[PDB]
Amino acid sequence: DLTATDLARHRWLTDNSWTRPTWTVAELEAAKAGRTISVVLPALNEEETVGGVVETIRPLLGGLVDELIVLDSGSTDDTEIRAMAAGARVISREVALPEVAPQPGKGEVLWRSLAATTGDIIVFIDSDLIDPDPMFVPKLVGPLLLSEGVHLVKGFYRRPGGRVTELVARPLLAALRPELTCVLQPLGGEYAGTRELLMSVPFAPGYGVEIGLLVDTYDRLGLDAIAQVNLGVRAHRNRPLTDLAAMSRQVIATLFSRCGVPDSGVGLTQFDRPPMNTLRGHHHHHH
Amino acid sequence: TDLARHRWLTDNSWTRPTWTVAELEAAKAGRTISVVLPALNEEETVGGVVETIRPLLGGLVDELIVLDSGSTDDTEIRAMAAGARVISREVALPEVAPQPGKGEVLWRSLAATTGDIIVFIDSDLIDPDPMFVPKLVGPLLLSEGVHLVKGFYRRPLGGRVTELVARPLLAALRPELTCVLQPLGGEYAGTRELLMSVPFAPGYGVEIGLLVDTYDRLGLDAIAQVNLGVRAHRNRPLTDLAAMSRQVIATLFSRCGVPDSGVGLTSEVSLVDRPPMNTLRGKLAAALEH
């Protein structure tokens, strides 16, 4: 028979998941009701793709999107200048948050972007995407603008790969936070959140940032606050095993830190930042 | 940190074991060796595996058994024709109702064998080699203090579950054990002293459960590893790999006391071990304490 996890998943998909997120740009603009939207592309040495991503979002600038920022992590290729020519605002880690010395990794960049942006909604899109589609941002913000109670929207892709998601993230969530196995692509880099949520949670480092935000949101607000939207068909990216293993190790560390499991700190053997509201700027368990 | 891993590799890992069958027979010193092949519907490969071990029977190997888990194909008749004794789960441990999975089969085989050393070899191997059993027992017979030998394969110049799940989780929760190249491997040998005294994890958790329990109870130097030869990675469907991963997680969490929900993947997940076989077969166990 069905489990409690199964029952919650079914209703969560009915209410909080969209296979055909077909909202129009015009109706989303009309729903902003004074809220502003910032889009952030984290980038480190992505010169071949960053401009193409920027180009797909730029038409929304001045309408649905209020600012389009590439948060550069110290590139030595032409990432920054290509982002400039394509129509983005390039901001370094140091300019984003001068009072804290940087540390490496993607999570650092996204955390710092909270200090560099002003939008009431912040959208994150990876800068390494080969086939970005112009409707990514509209689809990601739809549930935030139209659906009461949603604070985090995860963009997923249909497939015409995924090993860390299916062997590491989903099985560990099944063990530790089984309701969250409803989220198809928990490690995805395309997602949007409210400023109120994002300023209030710690940010995990590196490859842990996405799953850390998902779990921290769940632990504070449950499934009701999380939604997902289909961004379209995309083939899996083929990363080398050493990168996948490093990803996995950090996904493990970040899940363990949120779920009461200690961790040796020992990285792979080969052969967090505090809430930004501590620096800038209810879901009761009792009755 | 790696000094410990370095010393263990130097003393407890063999990439090119030199041992001959004759040298190992001469080192048995009265110990007997049982070989157990778990099998469920492996008719295409089981005979080929048995055939590589059968020449040792009556010399290095004292018993050669296929522990059948309820096959409906020709696994049993083909295993027998190749020279193995085929034992069902029911015959192995008749008064205990069977439960599914590989851990059950290996556990039950302890009640159906007499060896001081038990060697497990998978029955789905496409390219078995006759020196597998010799290489697995070498450290047990010729070194001192070893109780568990893990057979690994050199890879052409472990799989996804090993490198993304097992090794990273061991790094987090039993960090010394990342020295073991292929912790999930199905070819391994153990002493009766060890195997009769530990619980057995269910299903796909059995290998990692045994590794962790051996490490905790007997220590790193009680574990060894040997290269069985070069073998390509087997290609399995992602759904099978994910189910394996989920059970590896459950078993490691059990061994650490991490609450696991028991919720599978939209897959079977058991958190319940079988107890040490010496609790159900105390007289057999005592007879083999030697």
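About the cut-offs
Residues numbered from 1 in each chain as written, not as in the entry; some residues may be left out. Chains lettered and ligands numbered in written order. Heavy atoms only, no water. Residues with missing side-chain atoms left out of burial classes, pairs and counts. Helix = DSSP H or I, 4+ residues; strand = E, 2+ residues; numbered from the N terminus. Rg over C-alpha atoms; globule rule 2.2 N^0.38 Å. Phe/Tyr/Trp six-rings, centres within 6.5 Å; stacked < 30°, edge-to-face > 60°. Buried < 20%, exposed > 50% of the residue type's maximum accessible area, 1.4 Å probe, protein only. Pairing = 2+ DSSP bridges. Contact = heavy atoms within 4.5 Å. Axes fitted to C-alpha atoms, helices over the stretch in contact; angles between N-to-C directions. Expected span 1.5 Å × (residues − 1). UniProt positions renumbered as here; feature names shortened; annotations may be inferred. Nonpolar A, V, L, I, M, F, W, Y, C, P; charged D, E, K, R; others polar. Salt bridge = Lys/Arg side-chain N within 4 Å of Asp/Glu carboxyl O. Right-handed = clockwise from strand over helix to strand, strands pointing away.

As recorded in the PDB header, X-ray crystallography is the method behind this entry, and the stated resolution is 1.11 Å.

Trainee: Explain the overall build of chain A here, please?
Mentor: Scanning chain A from terminus to terminus reveals eleven helices and eight strands. The globule rule puts the C-alpha radius of gyration for 287 residues at 19 Å, and the 18 Å found for chain A is close to it. Dimensions of chain A, computed from C-alpha atoms along their principal axes, come out at roughly 55 × 50 × 45 Å.

Trainee: Just checking my understanding: could you explain the packing of aromatic side chains for this structure?
Mentor: Two numbers describe a pair of aromatic rings. These are the distance of the centres and the angle of the planes. Residues and elements named next belong to chain A. For the coordinates displayed, the defined rule picks out seven aromatic pairs over all chains. Pairing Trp18 with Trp23 gives two aromatic rings, centres 5.3 Å apart and planes at 65°, and the pair type is edge-to-face. Overall, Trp18 belongs to the partly exposed group, its relative accessible area being 21%. Note on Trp23: relative accessible area 14%, which makes it buried.

Trainee: Would you explain the sheet that holds strand β5 (residues 117-120) of chain B in this entry?
Mentor: Two modes of strand pairing occur in sheets, parallel and antiparallel, and in both the strands are linked by backbone hydrogen bonds. Residues and elements named next belong to chain B. Read across the open sheet, the eight strands follow the order β1-β8-β6-β7-β5-β2-β3-β4; overall the sheet is mixed. At either end of the open sheet lies a strand with only one pairing partner, and these are β1 (13-14) and β4 (85-88). Against the sheet, helix α7 (residues 132-142) touches β1, β2 (33-39), β5, β6 (148-154), β7 (188-191) and β8 (223-230), its axis set at about 160° to β8. Lying on the sheet, helix α10 (residues 206-218) is in contact with β6, β7 and β8; it crosses β6 at an angle near 130°.

Trainee: I would appreciate a short explanation of helix α11 (residues 241-258) of chain A in the present structure.
Mentor: Side chains that are three or four residues apart share a direction in an α-helix, a result of its 3.6 residues per turn. The terminal C-alpha atoms of α11(A) lie 26 Å apart, and with 18 residues this matches the ideal 26 Å at 1.5 Å per residue to within 8%. If you check which residues of α11(A) are buried, you get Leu244(A), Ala245(A), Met247(A), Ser248(A), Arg249(A), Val251(A), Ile252(A), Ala253(A), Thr254(A), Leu255(A), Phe256(A) and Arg258(A). At its buried positions, α11(A) is contacted by α8 (163-176) and α10 (209-221) of chain A together with α8 (160-173) and α11 (238-256) of chain B. Count one or two residues on from α11(A) and you reach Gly260(A), which has phi positive near 80°.

Trainee: Explanation requested: the UniProt feature "binding site: UDP" (unreviewed entry) in chain A in the structure shown.
Mentor: Residue and element names in this part refer to chain A. As recorded in UniProt, the sites labelled "binding site: UDP" (unreviewed entry) are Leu44, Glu46, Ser73, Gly105, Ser127, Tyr207 and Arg239. For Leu44, the position within the fold is in the loop between β2 (37-43) and α3 (50-57). Judged by its relative accessible area of 42%, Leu44 falls in the partly exposed class. Residue contacts for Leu44: discarding those within four places in its chain leaves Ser73, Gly74 and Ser75. Along the polypeptide, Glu46 turns up in the loop between β2 and α3.

Trainee: Please explain the UniProt feature "binding site: (S)-malate" (unreviewed entry) in chain A as it appears in this structure.
Mentor: Here the UniProt feature "binding site: (S)-malate" (unreviewed entry) sits at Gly162(A), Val164(A), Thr165(A) and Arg237(A). A maximum C-alpha distance of 12.4 Å is found for the annotated residues, which run over 76 residues; spatially they form one tight group. With respect to the element layout, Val164(A) can be found in helix α8. With near-sequence residues (within four places) excluded, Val164(A) lies in contact with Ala169(A), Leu187(A), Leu244(A), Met247(A), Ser248(A) and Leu164(B). Structurally, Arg237(A) can be placed in the loop between β8 (226-233) and α11.

Trainee: What's the story with the interface of chain A and chain B in this structure? I'm lost.
Mentor: Size of an interface, as often reported, equals the accessible area lost when the parts are brought together. Taken together, the 30 residues of chain A in the interface contact 33 residues of chain B. Among the elements of the structure, α1 (4-16), α8 and α11 of chain A are those that each provide at least two residues to the side of chain A that touches chain B. The element contributing the most residues to the side of chain A that touches chain B is α8(A), with eleven residues. Class assignment for the residues of the side of chain A that touches chain B results in 18 nonpolar, five polar and seven charged.

Trainee: Could you clarify how one ought to interpret the environment of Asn235(B) in this entry?
Mentor: Residue and element names in this part refer to chain B. Note on placement: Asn235 falls in the loop between β8 and α11. You can call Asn235 exposed: its relative accessible area is 77%. Taking the C-alpha atoms as reference points, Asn235 and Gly159, separated by 76 residues in sequence, lie 8.8 Å from one another.

Trainee: Would you mind going over the sheet that holds strand β5 (residues 121-124) of chain A with me for this structure?
Mentor: All names here are of chain A. Spatially, the eight strands line up as an open sheet ordered β1-β8-β6-β7-β5-β2-β3-β4, and their pairing is mixed. Edge positions in the sheet fall to β1 (17-18) and β4 (89-92), since each has one partner strand and no second. Pairing analysis gives six bridges linking β2 to strand β3 (residues 67-72), with the strands arranged parallel. Within the sheet, the bridge partner assigned to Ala43 lies in β3 and is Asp72. Most of the contacts of α1 go to β8, to which it runs at about 70°, and overall it touches β1 and β8.

Trainee: In this structure, what is going on with unusual backbone geometry? I would like to understand it.
Mentor: Most peptide bonds adopt trans geometry, and most residues besides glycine take a negative phi value. Notably, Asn45(A) is not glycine yet its phi reads approximately 55°, a positive angle. Checked against the element boundaries, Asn45(A) lands in the loop between β2 and α3. We note that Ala29(B) has phi near 50°; this positive angle belongs to a residue other than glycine. Note on placement: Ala29(B) falls in the loop between α2 (21-26) and β2. In this structure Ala29(B) comes out as exposed when scored by relative accessible area, which is 73%.

Trainee: How should the pattern of salt bridges be read in this particular structure?
Mentor: Side chains bearing opposite charge may pair, as long as their charged atoms lie close to each other. Scanning the entire structure with this criterion turns up 32 salt bridges over all chains. The shortest N-O distance in the salt bridge between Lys106(A) and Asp126(A) comes to 2.7 Å. You can see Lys106(A) sitting in helix α6 (residues 106-116) and its partner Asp126(A) sitting in the loop between β5 and α7 (136-146), a full 20 residues away along the chain. A relative accessible area of 25% means that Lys106(A) is categorised as partly exposed. For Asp126(A), a relative accessible area of 13% gives the class buried. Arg255(B) serves as the salt-bridge partner of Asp273(B), at 3.0 Å between the closest nitrogen and oxygen.

Trainee: Mind showing me how you'd approach the pairing of β4(A) here?
Mentor: Across a regular strand the side chains alternate sides, sitting on one face of the sheet and then on the other. All names here are of chain A. The pairing of β3 with β4 spans four bridges and is parallel. Bridge pairing links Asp72 to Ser92 in β4. For the segment spanning β3, helix α4 (residues 79-86) and β4, crossover handedness is right-handed.

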